[PDB]
$ cat target.cif   # mmCIF, C-alpha atoms
data_entry
#
loop_
_atom_site.label_atom_id
_atom_site.label_comp_id
_atom_site.auth_asym_id
_atom_site.auth_seq_id
_atom_site.Cartn_x
_atom_site.Cartn_y
_atom_site.Cartn_z
CA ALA A 99 -14.16 6.37 -13.87
CA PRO A 100 -10.53 6.54 -12.67
CA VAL A 101 -9.79 7.46 -9.06
CA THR A 102 -6.65 8.10 -7.02
CA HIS A 103 -5.33 7.10 -3.60
CA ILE A 104 -5.58 9.50 -0.69
CA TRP A 105 -1.98 9.12 0.49
CA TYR A 106 -0.74 10.48 -2.85
CA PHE A 107 -3.15 13.43 -2.51
CA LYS A 108 -3.32 13.84 1.28
CA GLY A 109 0.38 13.14 1.57
CA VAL A 110 1.28 16.51 3.09
CA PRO A 111 3.49 16.68 1.14
CA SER A 112 0.99 15.49 -1.46
CA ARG A 113 2.98 13.31 -3.85
CA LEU A 114 0.90 14.53 -6.79
CA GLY A 115 1.54 18.06 -5.54
CA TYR A 116 5.13 17.90 -6.77
CA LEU A 117 5.23 15.36 -9.61
CA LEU A 118 2.75 17.68 -11.36
CA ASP A 119 4.18 20.94 -9.87
CA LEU A 120 0.63 21.84 -8.74
CA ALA A 121 -0.02 22.78 -5.14
CA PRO A 122 -2.99 21.48 -3.14
CA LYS A 123 -6.18 23.47 -2.63
CA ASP A 124 -6.07 23.43 -6.45
CA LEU A 125 -6.17 19.67 -7.00
CA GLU A 126 -8.60 19.60 -4.08
CA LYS A 127 -10.99 20.95 -6.70
CA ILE A 128 -9.61 18.89 -9.61
CA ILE A 129 -9.98 15.30 -8.44
CA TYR A 130 -13.18 15.94 -6.48
CA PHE A 131 -14.77 17.21 -9.71
CA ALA A 132 -15.18 20.87 -8.75
CA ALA A 133 -13.23 22.50 -11.60
CA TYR A 134 -11.63 21.83 -14.98
CA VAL A 135 -8.01 21.81 -16.16
CA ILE A 136 -6.30 21.41 -19.54
CA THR A 137 -3.78 18.80 -20.64
CA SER A 138 -1.83 20.81 -23.23
CA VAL A 139 -2.12 23.46 -25.94
CA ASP A 140 -0.97 23.88 -29.55
CA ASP A 141 1.50 26.72 -30.11
CA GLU A 142 1.99 26.24 -33.86
CA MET A 143 -1.69 25.66 -34.64
CA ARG A 144 -2.55 28.84 -32.73
CA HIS A 145 0.29 30.92 -34.19
CA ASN A 146 -1.06 30.58 -37.74
CA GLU A 147 -4.57 30.82 -36.22
CA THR B 1087 -0.73 -24.49 13.69
CA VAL B 1088 0.23 -26.16 10.39
CA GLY B 1089 3.79 -26.82 11.58
CA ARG B 1090 3.28 -28.46 14.96
CA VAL B 1091 1.34 -31.21 13.16
CA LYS B 1092 4.10 -31.72 10.59
CA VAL B 1093 6.51 -31.88 13.53
CA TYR B 1094 4.53 -34.44 15.52
CA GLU B 1095 4.26 -36.60 12.40
CA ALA B 1096 7.94 -36.23 11.49
CA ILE B 1097 9.09 -37.20 14.97
CA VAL B 1098 6.75 -40.19 15.28
CA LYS B 1099 7.97 -41.34 11.86
CA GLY B 1100 11.65 -40.63 12.56
CA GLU B 1101 12.36 -38.32 9.63
CA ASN B 1102 14.29 -35.07 9.60
CA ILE B 1103 12.33 -32.42 11.48
CA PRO B 1104 11.35 -30.00 8.70
CA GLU B 1105 12.06 -26.30 8.25
CA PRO B 1106 9.73 -23.53 7.03
CA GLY B 1107 10.86 -22.96 3.45
CA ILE B 1108 9.69 -19.34 3.66
CA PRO B 1109 8.46 -17.56 6.84
CA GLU B 1110 4.76 -18.07 7.54
CA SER B 1111 3.45 -15.21 9.71
CA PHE B 1112 4.04 -13.00 6.65
CA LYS B 1113 1.27 -14.15 4.31
CA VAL B 1114 -1.80 -12.36 5.71
CA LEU B 1115 0.14 -9.10 5.89
CA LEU B 1116 1.42 -9.76 2.37
CA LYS B 1117 -2.15 -10.20 1.10
CA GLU B 1118 -3.53 -7.11 2.84
CA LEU B 1119 -0.65 -4.92 1.66
CA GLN B 1120 -1.12 -6.19 -1.89
CA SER B 1121 -4.87 -5.65 -1.50
CA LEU B 1122 -3.99 -2.00 -0.79
CA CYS B 1123 -2.37 -1.66 -4.25
CA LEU B 1124 1.22 -1.86 -2.97
CA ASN B 1125 3.24 -4.26 -5.10
CA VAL B 1126 5.21 -6.75 -2.99
CA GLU B 1127 7.70 -9.25 -4.41
CA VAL B 1128 9.29 -11.86 -2.16
CA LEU B 1129 12.75 -11.89 -3.67
CA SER B 1130 15.34 -14.65 -3.94
CA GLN C 245 -14.91 24.24 -26.04
CA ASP C 246 -17.79 25.41 -28.25
CA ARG C 247 -15.56 27.97 -29.98
CA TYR C 248 -11.78 27.53 -29.70
CA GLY C 249 -12.40 23.87 -28.88
CA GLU C 250 -9.97 21.76 -30.91
CA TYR C 251 -7.09 24.09 -29.92
CA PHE C 252 -7.06 22.92 -26.28
CA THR C 253 -8.08 19.68 -24.55
CA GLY C 254 -9.74 20.22 -21.18
CA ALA C 255 -10.58 17.43 -18.76
CA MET C 256 -11.92 16.98 -15.24
CA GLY C 257 -10.87 14.92 -12.25
CA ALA C 258 -8.17 12.27 -12.25
CA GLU C 259 -8.88 11.78 -15.95
CA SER C 260 -7.04 15.02 -16.70
CA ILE C 261 -4.24 13.88 -14.38
CA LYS C 262 -4.06 10.61 -16.31
CA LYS C 263 -3.70 12.51 -19.58
CA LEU C 264 -1.02 14.86 -18.28
CA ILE C 265 0.96 11.88 -16.97
CA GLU C 266 0.56 9.84 -20.17
CA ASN C 267 1.91 12.55 -22.50
CA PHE C 268 4.45 13.40 -19.81
CA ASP C 269 8.24 13.59 -19.56
CA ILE C 270 10.19 12.69 -16.42
CA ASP C 271 13.90 13.19 -17.11
CA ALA C 272 12.99 16.47 -18.82
CA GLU C 273 11.22 17.79 -15.72
CA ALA C 274 14.06 16.20 -13.74
CA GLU C 275 16.78 18.17 -15.52
CA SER C 276 14.56 21.25 -15.28
CA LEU C 277 14.58 20.93 -11.49
CA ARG C 278 18.31 20.18 -11.55
CA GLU C 279 19.16 23.31 -13.52
CA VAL C 280 16.82 25.18 -11.17
CA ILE C 281 18.66 24.00 -8.06
CA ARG C 282 21.98 24.85 -9.74
CA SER C 283 20.96 28.18 -11.37
CA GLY C 284 17.82 29.67 -9.79
CA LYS C 285 18.62 28.97 -6.16
CA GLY C 286 17.02 31.84 -4.23
CA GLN C 287 14.77 30.68 -1.41
CA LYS C 288 12.32 28.60 -3.48
CA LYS C 289 15.14 26.10 -4.03
CA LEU C 290 13.58 24.11 -1.19
CA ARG C 291 10.63 23.48 -3.50
CA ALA C 292 12.83 22.43 -6.43
CA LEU C 293 14.49 19.91 -4.11
CA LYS C 294 11.35 18.62 -2.38
CA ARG C 295 9.84 18.12 -5.84
CA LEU C 296 12.78 16.44 -7.56
CA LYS C 297 12.55 14.03 -4.63
CA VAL C 298 9.62 12.27 -6.27
CA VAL C 299 10.94 12.69 -9.82
CA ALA C 300 14.38 11.16 -9.27
CA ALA C 301 12.51 8.66 -7.09
CA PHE C 302 10.35 7.85 -10.15
CA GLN C 303 13.28 7.32 -12.52
CA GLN C 304 14.79 3.81 -12.23
CA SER C 305 11.60 2.28 -10.81
CA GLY C 306 9.36 -0.27 -12.49
CA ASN C 307 6.31 1.69 -11.30
CA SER C 308 5.13 4.69 -13.28
CA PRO C 309 3.07 7.19 -11.24
CA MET C 310 0.01 5.60 -12.89
CA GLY C 311 -0.21 3.45 -9.76
CA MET C 312 -1.80 6.45 -8.06
CA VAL C 313 -4.81 6.47 -10.38
CA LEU C 314 -6.99 3.36 -10.16
CA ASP C 315 -8.57 1.68 -13.17
CA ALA C 316 -8.57 -1.70 -11.38
CA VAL C 317 -9.37 -1.74 -7.65
CA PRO C 318 -8.82 -4.95 -5.64
CA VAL C 319 -10.96 -6.34 -2.85
CA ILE C 320 -9.78 -8.08 0.31
CA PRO C 321 -10.23 -11.83 0.92
CA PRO C 322 -13.64 -12.18 2.61
CA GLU C 323 -12.23 -13.96 5.66
CA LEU C 324 -10.11 -10.89 6.50
CA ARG C 325 -13.30 -8.84 6.91
CA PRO C 326 -14.94 -11.81 8.61
CA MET C 327 -18.66 -12.51 8.84
CA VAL C 328 -19.99 -15.23 11.16
CA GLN C 329 -23.25 -15.87 13.01
CA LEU C 330 -23.37 -17.02 16.62
CA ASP C 331 -25.60 -19.83 17.93
CA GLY C 332 -29.23 -18.76 17.58
CA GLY C 333 -29.55 -16.97 14.24
CA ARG C 334 -27.74 -13.64 14.65
CA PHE C 335 -24.87 -12.43 12.48
CA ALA C 336 -21.66 -10.61 13.37
CA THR C 337 -20.03 -8.88 10.39
CA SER C 338 -17.04 -6.60 9.94
CA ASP C 339 -17.48 -2.84 9.70
CA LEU C 340 -15.37 -2.40 6.55
CA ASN C 341 -17.98 -4.31 4.52
CA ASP C 342 -20.17 -1.20 4.33
CA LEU C 343 -17.57 0.90 2.53
CA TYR C 344 -16.95 -1.86 -0.01
CA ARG C 345 -20.62 -2.14 -0.92
CA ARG C 346 -20.79 1.62 -1.35
CA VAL C 347 -18.01 1.58 -3.95
CA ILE C 348 -19.84 -1.27 -5.68
CA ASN C 349 -23.12 0.64 -5.74
CA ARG C 350 -21.57 3.86 -6.97
CA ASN C 351 -19.66 2.02 -9.69
CA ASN C 352 -22.82 0.45 -11.08
CA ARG C 353 -24.56 3.80 -10.63
CA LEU C 354 -22.06 5.56 -12.86
CA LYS C 355 -21.85 2.49 -15.08
CA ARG C 356 -25.52 3.03 -15.94
CA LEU C 357 -25.42 6.83 -15.79
CA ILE C 358 -23.36 6.48 -18.98
CA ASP C 359 -26.52 5.03 -20.53
CA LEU C 360 -28.58 7.76 -18.88
CA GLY C 361 -26.34 10.29 -20.63
CA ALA C 362 -27.24 13.15 -18.28
CA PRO C 363 -25.12 16.27 -18.94
CA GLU C 364 -21.53 16.19 -17.73
CA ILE C 365 -22.50 17.81 -14.41
CA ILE C 366 -24.68 15.01 -13.03
CA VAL C 367 -21.79 12.83 -14.21
CA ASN C 368 -19.34 14.89 -12.15
CA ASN C 369 -21.62 14.59 -9.12
CA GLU C 370 -21.81 10.80 -9.45
CA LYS C 371 -18.06 10.43 -10.01
CA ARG C 372 -17.43 12.57 -6.94
CA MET C 373 -19.86 10.38 -5.01
CA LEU C 374 -18.08 7.20 -6.12
CA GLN C 375 -14.54 8.37 -5.35
CA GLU C 376 -15.72 9.66 -1.97
CA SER C 377 -16.05 5.94 -1.25
CA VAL C 378 -12.39 5.12 -1.91
CA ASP C 379 -11.42 8.34 -0.11
CA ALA C 380 -12.39 6.42 3.05
CA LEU C 381 -12.30 2.73 2.05
CA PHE C 382 -8.51 2.85 2.24
CA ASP C 383 -8.21 5.36 5.12
CA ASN C 384 -11.55 6.65 6.39
CA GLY C 385 -10.95 9.91 8.22
CA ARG C 386 -8.69 11.71 5.77
CA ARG C 387 -10.82 14.41 4.10
CA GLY C 388 -13.34 16.55 5.96
CA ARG C 389 -15.95 14.65 7.90
CA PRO C 390 -15.52 10.85 7.78
CA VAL C 391 -18.10 8.16 7.15
CA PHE D 341 -17.66 33.92 17.51
CA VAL D 342 -16.61 31.34 14.93
CA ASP D 343 -19.30 28.87 16.01
CA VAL D 344 -21.97 31.58 15.73
CA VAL D 345 -20.73 32.47 12.25
CA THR D 346 -20.83 28.79 11.25
CA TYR D 347 -24.43 28.46 12.41
CA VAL D 348 -25.14 31.66 10.47
CA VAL D 349 -23.69 30.36 7.20
CA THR D 350 -25.77 27.26 7.95
CA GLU D 351 -28.50 29.51 6.54
CA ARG D 352 -27.17 29.31 2.99
CA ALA D 353 -26.12 25.74 3.81
CA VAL D 354 -29.81 24.78 4.05
CA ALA D 355 -31.80 27.90 3.00
CA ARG D 356 -30.63 27.66 -0.62
CA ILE D 357 -33.98 28.89 -1.96
CA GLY D 358 -36.66 27.41 0.28
CA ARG D 359 -34.75 24.59 1.98
CA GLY D 360 -31.99 22.30 0.74
CA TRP D 361 -33.51 21.04 -2.54
CA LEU D 362 -31.70 17.69 -2.44
CA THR D 363 -33.16 14.19 -2.24
CA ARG D 364 -31.94 13.99 1.38
CA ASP D 365 -34.05 16.86 2.77
CA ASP D 366 -37.17 14.75 3.43
CA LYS D 367 -35.70 12.72 6.32
CA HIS D 368 -32.24 14.28 6.85
CA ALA D 369 -32.76 18.02 6.33
CA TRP D 370 -29.07 18.54 7.19
CA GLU D 371 -26.96 16.35 4.88
CA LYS D 372 -25.40 19.41 3.25
CA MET D 373 -25.90 21.48 6.41
CA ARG D 374 -23.25 19.48 8.27
CA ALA D 375 -21.32 18.52 5.14
CA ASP D 376 -20.76 22.15 4.11
CA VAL D 377 -20.53 23.60 7.63
CA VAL D 378 -18.47 20.65 8.93
CA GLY D 379 -16.31 20.97 5.82
CA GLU D 380 -15.86 24.73 5.86
CA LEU D 381 -13.53 24.40 8.83
CA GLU D 382 -11.46 22.59 6.16
CA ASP D 383 -12.37 24.80 3.18
CA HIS D 384 -11.42 27.64 5.47
CA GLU D 385 -8.31 29.53 4.33
CA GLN D 386 -10.43 32.20 2.64
CA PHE D 387 -13.03 32.09 5.43
CA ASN D 388 -10.52 31.93 8.28
CA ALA D 389 -8.17 34.58 6.89
CA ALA D 390 -10.95 37.04 6.06
CA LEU D 391 -12.27 36.34 9.56
CA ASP D 392 -8.89 37.33 11.02
CA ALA D 393 -9.85 40.89 10.06
CA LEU D 394 -12.79 41.00 12.49
CA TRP D 395 -11.34 39.04 15.44
CA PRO D 396 -7.54 38.90 15.20
CA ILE D 397 -5.39 36.85 17.57
CA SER E 24 46.12 -32.74 25.12
CA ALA E 25 46.76 -33.31 28.84
CA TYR E 26 43.23 -33.97 30.06
CA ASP E 27 41.10 -36.96 31.09
CA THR E 28 38.33 -38.98 29.46
CA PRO E 29 35.84 -36.45 28.05
CA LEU E 30 32.51 -37.70 29.30
CA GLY E 31 29.32 -37.92 27.27
CA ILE E 32 28.53 -34.95 25.04
CA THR E 33 31.93 -33.45 25.83
CA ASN E 34 33.41 -36.22 23.65
CA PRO E 35 34.48 -35.22 21.01
CA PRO E 36 35.90 -32.06 22.64
CA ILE E 37 35.15 -28.54 21.43
CA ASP E 38 38.54 -26.84 20.99
CA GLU E 39 39.48 -29.77 18.76
CA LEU E 40 36.56 -29.17 16.39
CA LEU E 41 36.81 -25.36 16.39
CA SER E 42 40.04 -25.81 14.42
CA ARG E 43 38.29 -28.16 11.98
CA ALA E 44 36.18 -25.12 11.04
CA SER E 45 36.18 -21.33 11.04
CA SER E 46 34.00 -20.73 14.10
CA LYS E 47 31.40 -22.31 16.38
CA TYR E 48 28.33 -21.28 14.38
CA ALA E 49 29.79 -22.82 11.23
CA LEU E 50 30.27 -25.93 13.34
CA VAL E 51 26.60 -25.87 14.35
CA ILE E 52 25.60 -25.96 10.69
CA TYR E 53 28.47 -28.26 9.65
CA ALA E 54 27.05 -30.77 12.15
CA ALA E 55 23.31 -30.26 11.62
CA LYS E 56 23.52 -30.77 7.86
CA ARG E 57 25.43 -34.04 8.22
CA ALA E 58 22.88 -35.08 10.85
CA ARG E 59 20.18 -34.61 8.23
CA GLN E 60 22.25 -36.67 5.81
CA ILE E 61 22.66 -39.52 8.31
CA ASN E 62 18.95 -39.52 9.15
CA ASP E 63 17.93 -39.50 5.48
CA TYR E 64 20.35 -42.38 4.91
CA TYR E 65 18.79 -44.41 7.71
CA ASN E 66 15.17 -43.73 6.74
CA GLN E 67 15.73 -44.67 3.08
CA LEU E 68 16.16 -48.44 2.77
CA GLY E 69 14.45 -49.05 -0.58
CA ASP E 70 16.22 -46.44 -2.69
CA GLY E 71 19.78 -47.54 -3.33
CA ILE E 72 22.64 -46.14 -1.28
CA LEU E 73 23.71 -43.28 -3.56
CA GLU E 74 24.08 -39.57 -2.81
CA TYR E 75 23.87 -40.69 0.84
CA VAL E 76 27.28 -41.98 1.89
CA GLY E 77 25.96 -42.91 5.33
CA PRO E 78 28.12 -42.63 8.44
CA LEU E 79 31.83 -42.54 7.60
CA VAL E 80 32.63 -44.01 11.03
CA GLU E 81 31.33 -46.99 12.98
CA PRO E 82 28.07 -46.22 14.83
CA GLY E 83 27.27 -47.55 18.29
CA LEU E 84 24.17 -48.89 20.03
CA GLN E 85 22.31 -45.98 18.47
CA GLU E 86 24.85 -43.12 18.70
CA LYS E 87 22.44 -40.44 17.50
CA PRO E 88 23.46 -38.89 14.17
CA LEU E 89 24.75 -35.68 15.74
CA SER E 90 27.38 -37.59 17.72
CA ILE E 91 28.42 -39.63 14.68
CA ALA E 92 28.74 -36.35 12.79
CA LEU E 93 30.88 -34.59 15.38
CA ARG E 94 33.08 -37.69 15.63
CA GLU E 95 33.57 -37.80 11.85
CA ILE E 96 34.42 -34.10 12.09
CA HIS E 97 37.03 -34.92 14.73
CA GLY E 98 38.61 -37.49 12.41
CA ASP E 99 38.89 -34.92 9.59
CA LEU E 100 36.59 -36.96 7.33
CA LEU E 101 34.58 -34.03 5.94
CA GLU E 102 34.93 -30.83 3.93
CA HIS E 103 32.72 -27.76 3.85
CA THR E 104 32.32 -24.45 2.03
CA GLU E 105 30.64 -21.29 3.31
CA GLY E 106 28.32 -18.96 1.39
#
$ encode --input "target.cif" --output "C-alpha cells"
Amino acid sequence: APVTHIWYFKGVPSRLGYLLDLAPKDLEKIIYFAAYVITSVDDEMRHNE
Amino acid sequence: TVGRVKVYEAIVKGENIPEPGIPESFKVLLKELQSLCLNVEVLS
Amino acid sequence: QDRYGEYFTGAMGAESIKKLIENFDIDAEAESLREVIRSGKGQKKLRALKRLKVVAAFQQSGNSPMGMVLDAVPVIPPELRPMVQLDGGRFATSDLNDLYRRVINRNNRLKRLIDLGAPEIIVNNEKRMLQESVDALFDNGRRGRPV
Amino acid sequence: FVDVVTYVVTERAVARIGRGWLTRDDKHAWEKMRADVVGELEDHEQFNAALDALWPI
Amino acid sequence: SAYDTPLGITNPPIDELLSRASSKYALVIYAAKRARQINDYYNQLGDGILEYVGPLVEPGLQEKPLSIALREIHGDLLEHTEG
C-alpha cells in the first residue's frame, strides 16, 4: 500500500496542504485511513443521467 | 584513514603526492540523505 | 458506490492522493492561482501566494510530487545502524532497527491480508498500522504520541 | 479541569461496552486508553474550543 | 634591480615572478603543476620522454622540482591559461 512522508504532511505548512488545495485536519483523516474522498466526477455522464 | 596510507606510500616511493578526486567526508551523509528518499546528484 | 457507483470514483488514504495527482494539471492550477492573485486579491491572497509557492516550485523540476508517496521505500546500510557484540556473548544494537522491522512486519501482514480478503475496513486498519511505522521511522515524534 | 475531563473521557476510551475489546486488553488494558486520551490533546480543536465555553481564559 | 644576492628560497625573487603571472595564487598553481610535471618526468624512465618535456633549465645537485619550476618561470620559459 502506498504511503507518504511526514514532512510533506506535517510540514506546517503541509506541502500537500497547498498542492492539493486541501487544508490539514482533513487529510489528517485521509491518509490515516479515517475517511474517504473522491478523485473526480463526470459532468456529461450525469447531465444526461 | 585511506589517504594517510596513500600519502606514506607516495612519499616513500617518490611520486606526486595525490589529491582527493572528490571530497571524502561527504559519502556517508550522501548515503543517508539518499536513504531518506532525497535525490542527490554530485554534479560536474 | 452500490447505487450511483460508476459516476464517481472514491478512494481512501494516499491512494486517492495518488489518483488525484496522476490525472492532475499543474500549469492549469498555476494560472488559476496567478489570476487569483491578480484578480481576487482580498485578504485570502496570502493563501493563493503561499500555495503557488509549491506549484511554481513544481514546474521546471525533474521531480513530480509523486516523490511524496512511497511505492518503493529504501533501507539504510546495516553498518550505519550498527550491531556488534562485546567480548563475552552480549550484543549491542542500534535503536532504529526496531522501527525497520515493524515496517517489514506490517508490510507482510498487509501483503497476506490481501489473500485474507477481509472487508475493506480491516484493510484500512492494517494500512494505518503499517504507515504508522513510517510516520516515525523517518522522524519519530511527529504525530501524537511517539513510539 | 482539563486533566479531570481527560480521565473522564478515558471511560469511553476503555469502557467501550465492557472494556476495550481489542487484542491488547489482556496484558495492556490501556493501549487505546493512552492512544486516544494522549491523542485527544492533538485531536482537540473541537474538544478544546467547546471546552472554552465552560472554563474560558 | 638594485639589490644583493637573493639567498635560498628568495631566489628567484617574488616581484619578478608576479609580473610573469596575474597574481600570487595563480603563481602557486603555475608552479605546483609544473612541479608535478617534473616529478612525473623523473619517476618515469621506461616510458619514452613524450608529453613530459622535463626541466627546461639545468638542474643542480637535486634542486627540488619547485625551484626548477620557479626558475623556468623567471626565464619566461612557460605559458599558462586560467579557467
$ residues_around --input "target.cif" --residues "residue 274 (chain C)" --least-positions-apart "3" --cutoff "8 Å" --atoms "all atoms listed in the file" --output "MDAnalysis selection string"
chainID C and resid 270:271 277:278 296 299:300
$ residues_around --input "target.cif" --residues "residue 88 (chain E)" --least-positions-apart "3" --cutoff "10 Å" --atoms "only C-alpha atoms" --output "PyMOL selection string"
chain E and resi 54-55+57-62+65+78+82+85+91-94
$ write_last_selection --input "target.cif" --atoms "C-alpha atoms" --output "PDB file, in the coordinates of the input"
ATOM      1  CA  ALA E  54      27.050 -30.770  12.150  1.00  0.00           C
ATOM      2  CA  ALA E  55      23.310 -30.260  11.620  1.00  0.00           C
ATOM      3  CA  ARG E  57      25.430 -34.040   8.220  1.00  0.00           C
ATOM      4  CA  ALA E  58      22.880 -35.080  10.850  1.00  0.00           C
ATOM      5  CA  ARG E  59      20.180 -34.610   8.230  1.00  0.00           C
ATOM      6  CA  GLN E  60      22.250 -36.670   5.810  1.00  0.00           C
ATOM      7  CA  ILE E  61      22.660 -39.520   8.310  1.00  0.00           C
ATOM      8  CA  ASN E  62      18.950 -39.520   9.150  1.00  0.00           C
ATOM      9  CA  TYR E  65      18.790 -44.410   7.710  1.00  0.00           C
ATOM     10  CA  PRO E  78      28.120 -42.630   8.440  1.00  0.00           C
ATOM     11  CA  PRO E  82      28.070 -46.220  14.830  1.00  0.00           C
ATOM     12  CA  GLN E  85      22.310 -45.980  18.470  1.00  0.00           C
ATOM     13  CA  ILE E  91      28.420 -39.630  14.680  1.00  0.00           C
ATOM     14  CA  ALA E  92      28.740 -36.350  12.790  1.00  0.00           C
ATOM     15  CA  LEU E  93      30.880 -34.590  15.380  1.00  0.00           C
ATOM     16  CA  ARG E  94      33.080 -37.690  15.630  1.00  0.00           C
TER      17      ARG E  94
END
$ residues_around --input "target.cif" --residues "region 1099-1105 of chain B" --least-positions-apart "3" --cutoff "8 Å" --atoms "all atoms listed in the file" --output "MDAnalysis selection string"
(chainID B and resid 1092:1093 1095:1096) or (chainID E and resid 59 62:63 66)
$ atom_distance --input "target.cif" --atom1 "CA of residue 84 (chain E)" --atom2 "CA of residue 42 (chain E)"
28.6 Å
$ resolve_selection --input "target.cif" --expression "the PyMOL selection byres ((chain A and resi 128) around 10)" --output "ChimeraX atom specification"
/A:122-127,129-135 /C:255-261
$ resolve_selection --input "target.cif" --expression "the PyMOL selection byres ((chain A) within 12 of (chain B))" --output "PyMOL selection string"
chain A and resi 102-105
$ resolve_selection --input "target.cif" --expression "the PyMOL selection byres ((chain D and resi 374-384) around 9)" --output "PyMOL selection string"
(chain A and resi 123) or (chain C and resi 387-389) or (chain D and resi 346-347+349-350+353+370-373+385-389)
$ axis_aligned_box --input "target.cif" --around "region 1098-1111 of chain B" --padding-each-side "5 Å" --output "JSON"
{"center_x": 8.9, "center_y": -28.3, "center_z": 9.4, "size_x": 20.8, "size_y": 36.1, "size_z": 21.8}
$ atom_distance --input "target.cif" --atom1 "CA of residue 119 (chain A)" --atom2 "CA of residue 291 (chain C)"
9.4 Å
$ residues_around --input "target.cif" --residues "residue 99 (chain E)" --least-positions-apart "3" --cutoff "12 Å" --atoms "all atoms listed in the file" --output "mmCIF file with C-alpha atoms, in the frame of the given file"
data_model
loop_
_atom_site.group_PDB
_atom_site.id
_atom_site.type_symbol
_atom_site.label_atom_id
_atom_site.label_comp_id
_atom_site.auth_asym_id
_atom_site.auth_seq_id
_atom_site.Cartn_x
_atom_site.Cartn_y
_atom_site.Cartn_z
ATOM 1 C CA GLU E 39 39.480 -29.770 18.760
ATOM 2 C CA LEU E 40 36.560 -29.170 16.390
ATOM 3 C CA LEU E 41 36.810 -25.360 16.390
ATOM 4 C CA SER E 42 40.040 -25.810 14.420
ATOM 5 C CA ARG E 43 38.290 -28.160 11.980
ATOM 6 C CA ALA E 44 36.180 -25.120 11.040
ATOM 7 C CA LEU E 79 31.830 -42.540 7.600
ATOM 8 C CA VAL E 80 32.630 -44.010 11.030
ATOM 9 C CA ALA E 92 28.740 -36.350 12.790
ATOM 10 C CA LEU E 93 30.880 -34.590 15.380
ATOM 11 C CA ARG E 94 33.080 -37.690 15.630
ATOM 12 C CA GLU E 95 33.570 -37.800 11.850
ATOM 13 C CA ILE E 96 34.420 -34.100 12.090
ATOM 14 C CA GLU E 102 34.930 -30.830 3.930
ATOM 15 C CA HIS E 103 32.720 -27.760 3.850
#
$ closest_residue --input "target.cif" --among "C:390, C:295, C:287, C:282" --to "chain D" --atoms "only C-alpha atoms"
C:390
$ atom_distance --input "target.cif" --atom1 "CA of residue 116 (chain A)" --atom2 "CA of residue 250 (chain C)"
28.7 Å
$ interface_residues --input "target.cif" --of "chain C" --to "chain B" --cutoff "10 Å" --atoms "only C-alpha atoms" --output "mmCIF file with C-alpha atoms, keeping the file's coordinate frame"
data_model
loop_
_atom_site.group_PDB
_atom_site.id
_atom_site.type_symbol
_atom_site.label_atom_id
_atom_site.label_comp_id
_atom_site.auth_asym_id
_atom_site.auth_seq_id
_atom_site.Cartn_x
_atom_site.Cartn_y
_atom_site.Cartn_z
ATOM 1 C CA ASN C 307 6.310 1.690 -11.300
ATOM 2 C CA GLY C 311 -0.210 3.450 -9.760
ATOM 3 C CA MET C 312 -1.800 6.450 -8.060
ATOM 4 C CA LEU C 314 -6.990 3.360 -10.160
ATOM 5 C CA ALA C 316 -8.570 -1.700 -11.380
ATOM 6 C CA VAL C 317 -9.370 -1.740 -7.650
ATOM 7 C CA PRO C 318 -8.820 -4.950 -5.640
ATOM 8 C CA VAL C 319 -10.960 -6.340 -2.850
ATOM 9 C CA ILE C 320 -9.780 -8.080 0.310
ATOM 10 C CA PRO C 321 -10.230 -11.830 0.920
ATOM 11 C CA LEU C 324 -10.110 -10.890 6.500
ATOM 12 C CA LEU C 381 -12.300 2.730 2.050
ATOM 13 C CA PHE C 382 -8.510 2.850 2.240
#
